[PDB]
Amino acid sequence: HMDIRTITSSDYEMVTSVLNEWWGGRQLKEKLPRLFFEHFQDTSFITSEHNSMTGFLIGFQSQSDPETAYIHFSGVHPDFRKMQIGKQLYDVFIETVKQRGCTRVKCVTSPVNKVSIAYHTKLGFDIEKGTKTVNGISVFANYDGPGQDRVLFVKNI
């Protein structure tokens, strides 16, 4: 079977462990502070099949721009199709934030992350117009610091 539920503080260990197991054994720079598991639980989820986690999503509603929801981090188990599980997580997140007054969802990725650019485009996200172009995609120069250009996604919901 399958189920999706909101996260709890006790899920920290389980989720952070896969950051070392789902990305081909390559250490990710970005980490996930405990604060997300404690303060943005109602808009963060874990999907599973027969009590075994298949994916997760961490997100929240913008506070200074309430009509906007933000997806910070998500991942899908290697043995599962990225689109199916990922789509389920994004769909439940979207329905949840719509009930909070959000009319659009945002997130970001690196200009060289074609996997993410493809994934978000397939899900219907547009890209915000930045200041430079990288491989034909509009980008926000040094968005996350020097040499850290970012592609900003946005989807009306």
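One rule holds for the numbers: they count along the sequence shown, beginning at 1.
**Report entry** Between the two ranges 133-141 and 17-25, the one averaging a larger CA B factor in the entry
**Finding:** On average, C-alpha B-factors are higher across 17-25.
Query - Stretch exceeding the other in mean C-alpha B-factor - 68-76, 81-89 - result: Mean B over CA atoms: larger for 81-89.
Query raised in the report: Going by the entry, which of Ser44, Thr109, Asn51, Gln99 has the most elevated CA B factor?
Result: Among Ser44, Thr109, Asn51, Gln99, the PDB entry lists the largest C-alpha B-factor for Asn51.
Requested in this report: Pick out which of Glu95, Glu38, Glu30, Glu128 has the highest C-alpha B-factor in the PDB entry.
Outcome: That would be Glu30.
Query raised in the report: Should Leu152 be placed in the lowest, middle or highest third of its chain by the C-alpha B factor in the entry?
Result: For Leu152, whose C-alpha B-factor we compare with every modelled residue in the chain, the answer is the lowest third.
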